[PDB]
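Working notes, structure below.
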Amino acid sequence: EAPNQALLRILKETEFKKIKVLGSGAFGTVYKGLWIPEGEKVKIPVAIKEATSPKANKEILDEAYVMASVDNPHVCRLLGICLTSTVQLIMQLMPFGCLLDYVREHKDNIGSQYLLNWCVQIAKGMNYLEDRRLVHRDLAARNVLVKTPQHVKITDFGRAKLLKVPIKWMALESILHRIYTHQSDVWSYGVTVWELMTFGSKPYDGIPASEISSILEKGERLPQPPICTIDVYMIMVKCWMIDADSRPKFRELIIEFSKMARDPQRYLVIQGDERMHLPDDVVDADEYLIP
Ligand SMILES: CC(C)(O)Cn1c(NC(=O)c2cc(F)cc(-c3cccnc3)c2)nc2ccccc21
């Protein structure tokens with residue numbers, strides 16, 4: 001493996017200012033805040049993530065390790081960490097919150113252009129993790145954040161690894177045998193897409209997670225969302241193949257979704273599409289990538 005020359009920056013508690021709480025409870029306490037580097041006329045909006053136990057501090061730092069090691073437009077940036085009694089991860093602020101909440105809150109204002117663009121950006125983001133040899137192991141709409149309606153990024157690398165669990169997003173080989181590859185993340189990409197195309201429905205709603213393993217063994221999959229054409233739904237079903245090597249790679253998903261994003265009303269049928277605003281088989285070179 002190659003040496004990891006990432007800088008982990010250590011920030012002073014004095015350098016930043018907490019303004020209000022965005023999220024709370026189990027996964028942590030996420031605060032809205034502003035960061036002002038010591039000797040620069042610059043104010044950077046940020047999200048700060050904080051009881052102190054030895055086990056808790058290992059896992060929060062392992063997240064910090066990975067987040068510091070990534071640089072992509074569609075992957076979350078760790079700015080630094082502050083070593084107070086409880087450790088704080090200073091990260092880039094994502095004003096519109098998680099995408100799952102965003103789609104549900106704006107069901108009636110999300111056009112097909114946006115949906116397919118998010119599919120490309122997520123696929124792009126995941127493909128970078130594949131390039132960096134990282135498996136995410138928890139891809140969903142709750143762990144994709146919205147910088148702007150035109151710009152989303154992947155997050156939550158507490159479950160990420162090199163080369164309570166969400167059974168309803170996991171591939172079969174992961175559920176049965178604990179085997180996670182990049183192609184097991186493709187399964188979860190498929191579900192994530194399905195969440196967006198259903199405008200934030202719960203996958204396998206009113207089905208307990210212990211039944212899922214046997215359900216998928218029998219051949220059953222998530223149903224085709226109403227807005228989805230057969231073209232888009234086919235791509236989801238390809239992500240949910242029993243054979244993992246049969247599923248598509250993220251580089252190919254980027255291609256297919258970018259293809260569709262050129263002519264969005266052909267591949268998605270939304271009521272009153274492209275009268276709504278928010279705050280030739282051709283692929284542009286930048287969406288054609290080699291590993
Ligand atoms: C629950 C959630 C995500 O909606 C909180 N939230 C956020 N989140 C972040 O800014 C944020 C940014 C990151 F770079 C990483 C994580 C992050 C998330 C999970 C685990 N680890 C790290 C969270 N922005 C908001 C704006 C409005 C309302 C709620 C908001």
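Chain lettering (A, B, ...) mirrors the order of the structure tokens, residue numbering begins at 1 for each chain separately, and ligand numbering begins at 1 in order of display.
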All residues having an atom within 8 Å of ligand 1 (only C-alpha atoms and all ligand atoms) as JSON, numbers by chain | {"A": [22, 23, 24, 27, 28, 30, 31, 32, 46, 47, 48, 49, 63, 76, 77, 78, 90, 91, 92, 93, 94, 95, 96, 97, 98, 101, 142, 143, 145, 155, 156, 157, 158]}
What are the closest atom pairs, with distances in Å to one decimal, for each residue of stretch 18-114 of chain A lying within 9 Å of stretch 261-267 of chain A, using only C-alpha atoms, rows by chain and rising residue number, as a tab-separated table?
residue	atom	partner	partner_atom	distance
A:111	CA	A:264	CA	8.8
A:112	CA	A:264	CA	5.6
A:113	CA	A:264	CA	5.5
A:114	CA	A:261	CA	8.6
Selection to disk with N, CA, C and O atoms, as an mmCIF file, in the first residue's frame:
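Below is the file part-v6.cif, written as the result:
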data_model
loop_
_atom_site.group_PDB
_atom_site.id
_atom_site.type_symbol
_atom_site.label_atom_id
_atom_site.label_comp_id
_atom_site.auth_asym_id
_atom_site.auth_seq_id
_atom_site.Cartn_x
_atom_site.Cartn_y
_atom_site.Cartn_z
ATOM 1 N N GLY A 111 -37.225 18.209 -9.243
ATOM 2 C CA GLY A 111 -37.320 17.774 -10.635
ATOM 3 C C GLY A 111 -36.369 16.634 -10.940
ATOM 4 O O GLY A 111 -35.464 16.340 -10.157
ATOM 5 N N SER A 112 -36.578 15.999 -12.090
ATOM 6 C CA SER A 112 -35.748 14.880 -12.538
ATOM 7 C C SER A 112 -34.293 15.259 -12.780
ATOM 8 O O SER A 112 -33.410 14.413 -12.644
ATOM 9 N N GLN A 113 -34.051 16.517 -13.153
ATOM 10 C CA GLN A 113 -32.691 17.026 -13.354
ATOM 11 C C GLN A 113 -31.884 16.884 -12.070
ATOM 12 O O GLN A 113 -30.761 16.387 -12.091
ATOM 13 N N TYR A 114 -32.483 17.297 -10.959
ATOM 14 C CA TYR A 114 -31.834 17.222 -9.655
ATOM 15 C C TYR A 114 -31.591 15.786 -9.205
ATOM 16 O O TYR A 114 -30.490 15.461 -8.758
#
Any idea what's packed within 9 Å of residue A:60, counting only C-alpha atoms, ignoring anything in its chain fewer than 5 positions away? Could you give it as a list in words?
->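 What passes the distance filter is residues 50, 65, 87, 88, 89 and 158 of chain A.
Ranking A:126, A:104, A:9, A:43 by their shortest atom-to-atom distance to residue A:68, with only C-alpha atoms included, puts A:9 first.
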Pick the closest to residue A:106 from A:3, A:190, A:149, A:219: which is it, counting only C-alpha atoms?
-> A:149
Would you write out, as CSV, a table of all residues in stretch 111-212 of chain A that have an atom no more than 6 Å from an atom of stretch 242-250 of chain A, listing for each the closest atom pair and the distance in Å to one decimal, considering only C-alpha atoms and ordering rows by chain and rising residue number?
residue,atom,partner,partner_atom,distance
A:123,CA,A:250,CA,5.5
A:127,CA,A:250,CA,5.2
A:183,CA,A:244,CA,5.9
From the DSSP assignment of the backbone, select every residue of stretch 113-159 of chain A that is helix (DSSP H, G or I), and format the answer as a list in words.
->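 DSSP on the backbone gives helix (DSSP H, G or I) at residues 113, 114, 115, 116, 117, 118, 119, 120, 121, 122, 123, 124, 125, 126, 127, 128, 129, 130, 131, 141, 142 and 143 of chain A.
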Please produce an output containing N, CA, C and O atoms for each residue in the selection, written as a PDB file, in the first residue's frame.
ATOM      1  N   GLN A 113     -34.051  16.517 -13.153  1.00  0.00           N
ATOM      2  CA  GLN A 113     -32.691  17.026 -13.354  1.00  0.00           C
ATOM      3  C   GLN A 113     -31.884  16.884 -12.070  1.00  0.00           C
ATOM      4  O   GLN A 113     -30.761  16.387 -12.091  1.00  0.00           O
ATOM      5  N   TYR A 114     -32.483  17.297 -10.959  1.00  0.00           N
ATOM      6  CA  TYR A 114     -31.834  17.222  -9.655  1.00  0.00           C
ATOM      7  C   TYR A 114     -31.591  15.786  -9.205  1.00  0.00           C
ATOM      8  O   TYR A 114     -30.490  15.461  -8.758  1.00  0.00           O
ATOM      9  N   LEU A 115     -32.609  14.937  -9.337  1.00  0.00           N
ATOM     10  CA  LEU A 115     -32.512  13.525  -8.945  1.00  0.00           C
ATOM     11  C   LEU A 115     -31.352  12.809  -9.617  1.00  0.00           C
ATOM     12  O   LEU A 115     -30.525  12.191  -8.942  1.00  0.00           O
ATOM     13  N   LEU A 116     -31.294  12.910 -10.942  1.00  0.00           N
ATOM     14  CA  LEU A 116     -30.237  12.263 -11.715  1.00  0.00           C
ATOM     15  C   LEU A 116     -28.874  12.902 -11.486  1.00  0.00           C
ATOM     16  O   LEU A 116     -27.869  12.198 -11.504  1.00  0.00           O
ATOM     17  N   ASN A 117     -28.830  14.213 -11.260  1.00  0.00           N
ATOM     18  CA  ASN A 117     -27.572  14.858 -10.856  1.00  0.00           C
ATOM     19  C   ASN A 117     -27.036  14.345  -9.527  1.00  0.00           C
ATOM     20  O   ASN A 117     -25.833  14.102  -9.401  1.00  0.00           O
ATOM     21  N   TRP A 118     -27.920  14.155  -8.556  1.00  0.00           N
ATOM     22  CA  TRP A 118     -27.514  13.567  -7.285  1.00  0.00           C
ATOM     23  C   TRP A 118     -27.010  12.137  -7.463  1.00  0.00           C
ATOM     24  O   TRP A 118     -26.042  11.734  -6.813  1.00  0.00           O
ATOM     25  N   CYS A 119     -27.653  11.383  -8.351  1.00  0.00           N
ATOM     26  CA  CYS A 119     -27.182  10.040  -8.677  1.00  0.00           C
ATOM     27  C   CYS A 119     -25.758  10.049  -9.243  1.00  0.00           C
ATOM     28  O   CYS A 119     -24.945   9.190  -8.885  1.00  0.00           O
ATOM     29  N   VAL A 120     -25.445  11.024 -10.096  1.00  0.00           N
ATOM     30  CA  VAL A 120     -24.097  11.125 -10.659  1.00  0.00           C
ATOM     31  C   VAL A 120     -23.103  11.507  -9.569  1.00  0.00           C
ATOM     32  O   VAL A 120     -22.059  10.872  -9.427  1.00  0.00           O
ATOM     33  N   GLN A 121     -23.436  12.533  -8.797  1.00  0.00           N
ATOM     34  CA  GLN A 121     -22.518  13.036  -7.779  1.00  0.00           C
ATOM     35  C   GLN A 121     -22.193  11.988  -6.708  1.00  0.00           C
ATOM     36  O   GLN A 121     -21.026  11.840  -6.322  1.00  0.00           O
ATOM     37  N   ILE A 122     -23.218  11.258  -6.253  1.00  0.00           N
ATOM     38  CA  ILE A 122     -23.029  10.157  -5.295  1.00  0.00           C
ATOM     39  C   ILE A 122     -22.128   9.078  -5.905  1.00  0.00           C
ATOM     40  O   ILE A 122     -21.152   8.648  -5.287  1.00  0.00           O
ATOM     41  N   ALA A 123     -22.475   8.646  -7.117  1.00  0.00           N
ATOM     42  CA  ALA A 123     -21.699   7.643  -7.839  1.00  0.00           C
ATOM     43  C   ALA A 123     -20.268   8.102  -8.036  1.00  0.00           C
ATOM     44  O   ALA A 123     -19.344   7.310  -7.871  1.00  0.00           O
ATOM     45  N   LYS A 124     -20.092   9.378  -8.379  1.00  0.00           N
ATOM     46  CA  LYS A 124     -18.760   9.992  -8.458  1.00  0.00           C
ATOM     47  C   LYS A 124     -18.021   9.891  -7.132  1.00  0.00           C
ATOM     48  O   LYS A 124     -16.879   9.424  -7.084  1.00  0.00           O
ATOM     49  N   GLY A 125     -18.690  10.317  -6.065  1.00  0.00           N
ATOM     50  CA  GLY A 125     -18.124  10.270  -4.723  1.00  0.00           C
ATOM     51  C   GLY A 125     -17.677   8.876  -4.321  1.00  0.00           C
ATOM     52  O   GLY A 125     -16.552   8.696  -3.851  1.00  0.00           O
ATOM     53  N   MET A 126     -18.550   7.891  -4.529  1.00  0.00           N
ATOM     54  CA  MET A 126     -18.233   6.494  -4.207  1.00  0.00           C
ATOM     55  C   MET A 126     -17.080   5.949  -5.045  1.00  0.00           C
ATOM     56  O   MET A 126     -16.213   5.250  -4.522  1.00  0.00           O
ATOM     57  N   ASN A 127     -17.071   6.282  -6.333  1.00  0.00           N
ATOM     58  CA  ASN A 127     -15.976   5.906  -7.230  1.00  0.00           C
ATOM     59  C   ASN A 127     -14.615   6.415  -6.748  1.00  0.00           C
ATOM     60  O   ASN A 127     -13.601   5.745  -6.947  1.00  0.00           O
ATOM     61  N   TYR A 128     -14.593   7.594  -6.124  1.00  0.00           N
ATOM     62  CA  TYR A 128     -13.363   8.111  -5.512  1.00  0.00           C
ATOM     63  C   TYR A 128     -12.920   7.224  -4.357  1.00  0.00           C
ATOM     64  O   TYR A 128     -11.735   6.931  -4.238  1.00  0.00           O
ATOM     65  N   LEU A 129     -13.867   6.789  -3.524  1.00  0.00           N
ATOM     66  CA  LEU A 129     -13.554   5.868  -2.424  1.00  0.00           C
ATOM     67  C   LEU A 129     -13.042   4.524  -2.958  1.00  0.00           C
ATOM     68  O   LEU A 129     -12.117   3.950  -2.390  1.00  0.00           O
ATOM     69  N   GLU A 130     -13.623   4.048  -4.061  1.00  0.00           N
ATOM     70  CA  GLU A 130     -13.101   2.869  -4.762  1.00  0.00           C
ATOM     71  C   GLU A 130     -11.658   3.102  -5.239  1.00  0.00           C
ATOM     72  O   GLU A 130     -10.813   2.228  -5.060  1.00  0.00           O
ATOM     73  N   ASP A 131     -11.373   4.280  -5.797  1.00  0.00           N
ATOM     74  CA  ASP A 131      -9.990   4.660  -6.173  1.00  0.00           C
ATOM     75  C   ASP A 131      -9.034   4.725  -4.969  1.00  0.00           C
ATOM     76  O   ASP A 131      -7.878   4.308  -5.062  1.00  0.00           O
ATOM     77  N   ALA A 141     -29.325   7.602   1.930  1.00  0.00           N
ATOM     78  CA  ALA A 141     -29.705   9.006   1.804  1.00  0.00           C
ATOM     79  C   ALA A 141     -29.473   9.810   3.101  1.00  0.00           C
ATOM     80  O   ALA A 141     -29.233  11.019   3.034  1.00  0.00           O
ATOM     81  N   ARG A 142     -29.539   9.153   4.266  1.00  0.00           N
ATOM     82  CA  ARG A 142     -29.238   9.816   5.554  1.00  0.00           C
ATOM     83  C   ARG A 142     -27.763  10.230   5.682  1.00  0.00           C
ATOM     84  O   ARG A 142     -27.450  11.183   6.400  1.00  0.00           O
ATOM     85  N   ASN A 143     -26.874   9.491   5.008  1.00  0.00           N
ATOM     86  CA  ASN A 143     -25.429   9.774   4.989  1.00  0.00           C
ATOM     87  C   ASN A 143     -24.913  10.423   3.683  1.00  0.00           C
ATOM     88  O   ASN A 143     -23.720  10.342   3.364  1.00  0.00           O
TER      89      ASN A 143
END
Among A:161, A:177, A:238, A:132, residue A:69 is approached most closely, using only C-alpha atoms, by A:132
Please measure the separation of atom CA of residue A:278 and atom CA of residue A:100, giving the value in Å to one decimal.
-> 16.0 Å
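Among A:185, A:256, A:108, A:38, the residue with the shortest atom-to-atom distance to residue A:135, counting only C-alpha atoms, is A:185.
Nearest-residue note for residue A:59: choosing from A:199, A:138, A:159, A:147, the minimum distance belongs to A:159, counting only C-alpha atoms.
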Could you tell me which of A:163, A:109, A:2, A:281 comes closest to residue A:133 if we count only C-alpha atoms?
->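 Looking only at the distances to residue A:133, the closest residue turns out to be A:163.
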Can you check which residues of stretch 20-222 of chain A DSSP gives as strand (DSSP E) on the backbone and send them as a ChimeraX atom specification?
-> /A:20-23,30-35,44-49,78-82,88-92,144-148,151-154
List the spatial neighbours of residue A:284 as a PDB file with N, CA and C atoms, in the first residue's frame - criterion: any atom at most 9 Å away, only C-alpha atoms, same-chain residues fewer than 6 positions off excluded.
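Once written, selection-v4.pdb looks like this:
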ATOM      1  N   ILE A 255     -21.430   6.995 -15.801  1.00  0.00           N
ATOM      2  CA  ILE A 255     -21.690   7.118 -17.229  1.00  0.00           C
ATOM      3  C   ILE A 255     -23.197   7.089 -17.507  1.00  0.00           C
ATOM      4  N   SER A 258     -25.128  10.034 -15.992  1.00  0.00           N
ATOM      5  CA  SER A 258     -24.770  11.271 -16.691  1.00  0.00           C
ATOM      6  C   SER A 258     -25.407  11.296 -18.075  1.00  0.00           C
ATOM      7  N   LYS A 259     -25.440  10.137 -18.740  1.00  0.00           N
ATOM      8  CA  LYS A 259     -26.179   9.977 -20.004  1.00  0.00           C
ATOM      9  C   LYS A 259     -27.629  10.400 -19.838  1.00  0.00           C
TER      10      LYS A 259
END
So which residues touch stretch 164-172 of chain A within 12 Å, counting only C-alpha atoms, skipping near sequence neighbours fewer than 6 positions away, as a ChimeraX atom specification?
-> /A:26-27,136-143,158,178-195,202-222,239-244,247
Atom CA of residue A:102 to atom CA of residue A:79, straight-line distance in Å | 24.4 Å
Between atom CA of residue A:83 and atom CA of residue A:70, what is the distance, to one decimal in Å?
->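 It comes out at 21.0 Å.
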